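A single chain, nothing else alongside it, follows as structure tokens in the form deposited in one PDB entry.
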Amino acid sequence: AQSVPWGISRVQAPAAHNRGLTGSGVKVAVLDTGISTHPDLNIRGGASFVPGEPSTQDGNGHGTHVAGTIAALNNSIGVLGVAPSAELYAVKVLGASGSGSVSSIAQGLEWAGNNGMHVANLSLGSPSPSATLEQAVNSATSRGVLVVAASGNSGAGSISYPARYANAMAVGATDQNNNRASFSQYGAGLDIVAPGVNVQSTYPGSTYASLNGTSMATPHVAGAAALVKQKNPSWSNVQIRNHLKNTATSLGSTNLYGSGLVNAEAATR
């Protein structure tokens, strides 16, 4: 049996699916620990920028989980993504421990731009700024990619990098009461929030697992962007980003929530 995780319902993805919107034709790069082959995922391509590791398979689990929130297949098993027909690309920029570097993340962003990705999901952070990182975000954006990045899990009133850079759409996490999760970073640069507590998704070894984090919120927004892109194929990254914000459900102050809770039904009306 297929289960619909609470966050998928909370962002109203099933209503978009009922209008025939699934993310078909939209290329979504997952810049993460990899993506493992799984009966509830389709992986269309990718590249690894982790030294010594040619495989894009997931050595950790995190990237497979993120990928399933974006695009777990709509069938009779497992879970269900926001954009279950999105074309997933596994862009491995984080090693098995979850660590990365500015250079691996930047290389993945440049790859996403050069390979015509429409959305790049960055469920990752760096605590300190990096001009190589901001420049890579800007490069991908200039080529047409919508970069979507996690605000971070430190609980602080500033957000992580690259989410803090203007051309990354920064995503915080909400709980089942539609409150900001206590760990979800907020402040200057935050754009939007999405479910990030007790999020069930795909995991390696043909399993499923439940995780908490802004890394889980981010793919709800990446998936919603793919639904908007399928409906509006001529729209740019910016147009999609601002439509998601303009159709979000306000949750209160923009400092804490950005524009509020992403709403895939409102965004595809």
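All residue numbers refer to positions in the sequence shown, first residue = 1.
Unshown form solved in complex with a partner chain; subsequent notes refer to it.
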In the deposited complex, which of 186-194, 137-145, 123-131, 75-83 comes within 4.5 Å of the partner chain (heavy atoms)? 123-131
Among the candidates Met117, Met169, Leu94, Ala90, the residue which, in the deposited complex, approaches the partner chain to within 4.5 Å (heavy atoms): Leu94
Are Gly98, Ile105 and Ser154 jointly within 4.5 Å of the partner chain in the deposited complex, each by at least one heavy atom? yes
Is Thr174 one of the residues lying within 4.5 Å of the partner chain in the deposited complex, judged by heavy atom distances? no
Answer yes if any heavy atom of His62 is within 4.5 Å of a heavy atom of the partner chain in the deposited complex; otherwise answer no. yes
